[PDB]
Protein chains: 2
Amino acid sequence: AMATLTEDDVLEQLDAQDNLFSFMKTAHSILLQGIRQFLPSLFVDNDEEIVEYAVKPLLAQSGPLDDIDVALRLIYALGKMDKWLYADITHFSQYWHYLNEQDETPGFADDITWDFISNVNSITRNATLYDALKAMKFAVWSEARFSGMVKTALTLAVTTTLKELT
Amino acid sequence: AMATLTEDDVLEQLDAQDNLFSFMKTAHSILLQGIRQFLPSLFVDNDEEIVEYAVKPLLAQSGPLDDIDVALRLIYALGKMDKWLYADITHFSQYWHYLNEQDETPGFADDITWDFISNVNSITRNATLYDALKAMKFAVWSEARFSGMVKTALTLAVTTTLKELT
């Protein structure tokens, strides 16, 4: 369980990450914490029996909501999340599971990760970012530059994802 | 995971139980199932993405809500349960845990269980039932009769508990 999320120490954390794996590991943790900080808005607020004996154990660490996938499902099931946002976070979660359980070799510039970002709504719906990313992909180019831009895009997805949850 | 609850096959199940332990074991299971059948009213109803991919895994058996204590806490935390009802079910759950983890000897007519029913709101708030139970307790009496009446009262608590959840 982390501290509290600013845009810019999230931005520091993610820029520090120099490979897709570390980035994704760090992203998953940032999103997790983002989601856990949103969880109290699902519940009663103003009654201290409910908070102390129901809400707290429900949100304790290693408790029943300390998993990005059960927590997401709850927010979605309560009608508190738009489908587009739900789809983005579970892709991140799916790719993290993929990288951490099956394979951690794919970098920023790979086929498999280009397909991933082609399905992240917060990336593909920003029209200039994605066009720039396609122009760059399909242009005597540079692997580092394209890689850096891929990291930018992904950082933008988690940033905009974080903004939607407060 | 059980079938679906009528008042009278719940009433059959509980009357079949000839000791407090079996009764409490059966009650805990009936309440559990009562609570699990209420869980879908917490959530989105009319959208099939949400139902199939969020609600279902949330309510699958051995999933994160298949525990009377996390499920209660959720209903309470969403503001969907009155304090009196929440207090009754967690006593039942507390006494069951007590009987199944520390001691299963106490019968219907014991000190420890008289104290239990003295704190069940659905029993003590029915004024004639509780007076009759006190008159009976504090009267050349009968252990079987008082025992049978204690079982009646407890059956009434689970029955009325069940009615409040649909």
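These values consider heavy atoms only, across backbone and side chains, with no hydrogens, waters or symmetry-generated copies. Letters A, B, ... mirror the listed sequences (proteins, then strands); counts begin at 1.
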Any idea which heavy atoms bring [X] and [Y] closest together, and the distance?
X        : Y        : answer
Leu42(B) : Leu78(A) : O-CD2, 3.4 Å
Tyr86(B) : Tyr53(A) : OH-O, 3.8 Å
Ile50(A) : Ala77(B) : CG2-CA, 3.6 Å
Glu49(A) : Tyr76(B) : CB-OH, 4.2 Å
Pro57(A) : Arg73(B) : CB-NE, 3.7 Å
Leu58(A) : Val70(B) : CD1-O, 3.9 Å

If you group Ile, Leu, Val, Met, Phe, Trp and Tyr by side-chain heavy-atom gaps below 4.5 Å, do [X] and [Y] land in one group?
X         : Y         : value
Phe92(B)  : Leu156(B) : no
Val120(B) : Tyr98(B)  : yes
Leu11(A)  : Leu14(A)  : no
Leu65(A)  : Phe38(A)  : yes
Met2(B)   : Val10(B)  : yes

Side chain, backbone, both or neither of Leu74(B) within contact of chain A (heavy atoms, under 4.5 Å):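 For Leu74(B), backbone and side chain are both near chain A.
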In this structure, are over 12 heavy atoms from other groups packed under 6.0 Å from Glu143(B) atom CD?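 No, CD of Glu143(B) has 12 or fewer neighbouring heavy atoms, counting only those of other groups under 6.0 Å.
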